[PDB]
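Protein chains in written order, with our numbering: chain A, 371 to 492; chain B, 12 to 193; chain C, 405 to 491; chain D, 361 to 440; chain E, 35 to 387. Beta carbons are placed, not taken as given, at the ideal position from N, Cα and C, and that holds for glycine.
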Ligand SMILES: NC(=O)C1=CN([C@@H]2O[C@H](COP(=O)(O)OP(=O)(O)OC[C@H]3O[C@@H](n4cnc5c(N)ncnc54)[C@H](OP(=O)(O)O)[C@@H]3O)[C@@H](O)[C@H]2O)C=CC1
Ligand SMILES: *P(=O)(O)OCC(C)(C)[C@H](O)C(=O)NCCC(=O)NCCSC(=O)CCCCCCCCCCCCC
Ligand code: SF4
């Protein structure tokens, strides 16, 4: 806020009820900003595709049961959110977040044993 | 079955034209086009305006080329702040990953004809920071480079030698004769 | 004759314009120039330097009133943020 | 009002995370009746916010957990 | 699809799949790589750590190609199509040769037959002399040696010459391609007026230049594409008018075509090509080409055979034409009542400054 546009002072969560509000607050800001993110970096994907990525990022950490670890993830989310909504990231940075735009594909690991073996460890 | 009817006989009348590097000027229309070639190249050499992307300590040696001892202005070199007014990009410094998008952007904003001079070990292949997590291992990963100047830092005279090489490159550039070949 | 046609152009500026208030200021400038041009040409026909003097004071006054009108527009725009009429 | 509900069906029925369509009521809940977990609910309120073109505060959004709660909330807000 | 590729002549290529520094094992020559399509095949090979031989004419034109590969991967060769030594010096080490040399207009130095028929014939003869494994010859849609249109005709004989000298020639027939630096989307989007003597009624199936470049790469990897023929086109048929509708729909500008009649435009098109020194987009055989309508051969391999699904051009107009839509404040649509009301919360002039 005061230092720069989307700056959030680093604070610990008081309890699990406090943490959950921040996590939902963080998700709400992210998926709300998805229309702006598309037109601001000229992303060649629909807001639906972008918003799915937001949920998966939040779902990788759905099973965390440690309060200190949540505070770390919340601070990372605020830092990524600020550097996105401020035009500090470049199209290369945001585009790299979408795993489909790598010339070797998104399925960058072998499907099963025999496809990886026939190609040579993937 | 001789694809087209005269295919077999036509293999003996195929004129073999010389390569541009070993071609000559004979006549008047040829001579005219070399004259414009000389004239247009003399102007490119005579007003050599670099856009100094002075990333680090190589910019100090680059800055010493405009000072009284060497006085690049005596040869027609004027440093330009924006890529719009510039003909040559001198990458003089370590190109970090964080900085590479900016370098590509200013290269894209340079009008043709344009050239890039990589100056210094860092700009050339990464230099002392080749094994760093934050360094591009040579600006030729990002932009095409016309001349590489070695040294960390190259001396002011070494930079001048590279600029002379690029001028000699312009002086041998075929423009009106290249279109005249094809 | 040209001066008459110009007065119509300034007149026609008010007929055709529903929403451009800046065009209203410009159409007054066209009318005033048209009337000053008429005085100048007539002053030439009647060999009268007073016509040229009258035209000089119209240029002075019309220049003075353009500045007042722009200042009034600036005070207006400071509060509204638009010179567009919603119509 | 009733005009809000007919717009409410336009997005919940289009939502792909509903357990079964036509399960929507005038007072249905996202969690108990419609089988929506936490974040799917966050997304539904965000879709309603877009329809009425009014931003919803995070505290107000937490209060909204049912189809009726949203219908009541949008009416109170002047923008629509 | 693996760490081993065995070439037509048997060479085993043990390959380390990766990025810039990896070992692709292939040595490729790409003729006409300095044009619109040559950048996508050269880029695809070099970034896999394959050696790409690039024969060029203008030095300043080929400078962007070097960025694709690691050090020592993109190799430049001075070449003329009438210098045989240069053609076969560029080819004797390669295991695959792409012929992308074409031109839509005749020049003072090259007739359409000189660049296409005689051009291919010198290259294909070099390919057979050194036993190159794969010779992929790029051609045109509607390629037919019985066509009145010299473009289509000279693309027809060159197919027959290539297949005669080198029976395993792979022929690729692309439809007009769109994309970055294309001559379809930007030509419509840029030139103020077009001299089209057919009311833009020629139809075709546009295909992304990216997919053609990717397809060319996929033929290298499968030995089953040799001796085959590939018509390569997009999913849906368009016409120059319908695509112009998309272009206008994206840049907020109105297309204007003069549409002079054929008996008058065609000789004029000849004059302009013989007095102007660049591609004017207008020539005698190009005016004739606009009456023809792309007819797809039914006995030719498609993207299906390569495992690809072309995208429709209307999916790409917004992406490729976004930098051409005006974004000045003067051009936004009128403010909503929501916007009119919020303006009254701000001072709009600094009176203290
Ligand atoms: N683009 C399209 O929509 C279509 C293209 N094609 C074919 O696709 C292939 C590639 O197309 P595209 O990349 O767009 O074409 P471009 O015109 O962009 O490039 C053609 C290439 O041919 C080279 N070339 C032309 N004439 C000669 C010559 N006389 N001697 C040596 N080299 C020459 C050019 O080199 P330089 O730059 O030095 O002139 C250039 O690299 C060509 O074979 C073309 O005919 C056919 C159908 C549709
Ligand atoms: P619902 O019951 O479904 O789930 C509620 C929560 C998530 C609280 C779980 O039930 C739960 O108990 N979770 C445990 C604690 C927790 O939520 N962990 C904190 C995670 S915060 C997090 O994951 C932040 C990631 C943000 C990433 C955003 C997208 C990436 C940035 C780039 C955007 C696209 C390019 C511009
Ligand atoms: S090459 Fe040496 S002198 Fe030049 S910028 Fe890098 S470290 Fe500094």
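- Going by beta carbons, residue 30 (chain B) and residue 187 (chain B) fall outside the 9 Å limit.
- Among the residues of chain A, those whose CB is under 8 Å from the CB of residue 402 (chain D) are 394, 397, 398, 401, following chain order.
- The beta carbon of residue 426 (chain D) lies closer than 8 Å to those of 387, 388, 389, 390 in the same chain, with the five residues before and after it left out.
- With fewer than 16 other Cβ atoms inside 10 Å of its own Cβ, residue 168 (chain B) counts as exposed.
- Straight-line spacing of the CA atoms in residue 444 (chain A) and residue 385 (chain A) works out to 14 Å.
- The region 162-179 of chain B makes contact with the region 74-82 of chain B: 3 or more CB pairs, one atom from each, lie closer than 8 Å.
- A distance of 9 Å or more separates the beta carbons of residue 110 (chain E) and residue 121 (chain E).
- Interface annotation for the region 136-164 of chain E against chain B: 141, 143, 144, criterion Cβ-Cβ distance under 7 Å.
- Our two residues, residue 52 (chain B) and residue 288 (chain E), have alpha carbons roughly 41 Å apart in a direct line.
- The alpha carbon of residue 191 (chain B) has as its nearest neighbour, out of E:62, E:49, E:142, the alpha carbon of E:142.
- Excluding the 5 residues flanking it on each side, residue 202 (chain E) has same chain C-beta neighbours closer than 8 Å at 42, 168, 169, 260, 261, in chain order.
- In the DSSP assignment, residue 228 (chain E) forms a beta bridge with E:291.
- Taking C-alpha positions only, residue 403 (chain D) is separated from residue 462 (chain A) by approximately 27 Å.
- Counting only Cβ-Cβ distances below 7 Å, residue 381 (chain E) has contacts in chain C at 482, in chain order.
- Of all residues in the region 426-451 of chain A, none has a C-beta nearer than 9 Å to a C-beta of chain E.
- By the rule that beta-carbons nearer than 9 Å mark a contact, residue 471 (chain C) does not touch chain E.
- Chain D has no Cβ within less than 9 Å of the Cβ of residue 478 (chain A).
- Ranking E:369, E:368, E:244 by CA distance to the CA of residue 342 (chain E) puts E:244 first.
- For residue 467 (chain A), the distance from the CB to the nearest heavy atom of ligand 2 is below 8 Å.
- Counted as a single uninterrupted DSSP element, the beta strand (DSSP E) harbouring residue 171 (chain E) occupies residues 168-172.
- Nearest in C-alpha terms to residue 193 (chain E), of all of E:271, E:206, E:182, is E:206.
- Non-local C-beta neighbours of residue 191 (chain E) in its own chain, meaning closer than 8 Å and more than five positions away in sequence, comprise 147, 150, 151, 179, ordered along the chain.
- Exclusion of residue 98 (chain E) from the 8 Å shell around ligand 2 follows from its C-beta lying no nearer than that to any non-hydrogen atom of the ligand.
- DSSP, read as helix, strand or coil, puts residue 92 (chain B) in coil.
- At a cut-off of 9 Å between beta-carbon atoms, residue 368 (chain E) makes contact with chain C.
- Of all residues in the region 126-138 of chain B, none has a C-beta nearer than 8 Å to a C-beta of chain E.
- Identification of residues in the region 29-49 of chain B having a C-beta nearer than 8 Å to some C-beta of chain E yields 29, 30, 31, 32, given in sequence order.
- With respect to chain E, the C-beta atom of residue 464 (chain C) has no partner C-beta closer than 9 Å.
- Neighbours of residue 356 (chain E) across chain A, judged by C-beta separation under 7 Å: 412.
- Taking C-beta atoms as the reference points, residue 473 (chain A) and residue 78 (chain E) count as a pair closer than 9 Å.
- Setting aside the 5 residues that flank it on each side, residue 441 (chain C) is surrounded in the same chain by 407, each with a C-beta closer than 6 Å to its C-beta; the list follows chain order.
- For residue 222 (chain E), the three-state secondary structure derived from DSSP is helix.
- Looking at the DSSP output, residue 112 (chain E) sits in a beta bridge with E:90.
- For residue 35 (chain E), the nearest CB of chain A lies under 9 Å from its own CB, placing it at the interface with that chain.
- What residue 485 (chain C) touches in chain E, judged by beta-carbon distance under 7 Å, is 377, 380, 382, going in chain order.
- Relative to residue 489 (chain A), the option among E:48, E:218, E:351 whose CA is nearest is E:48.
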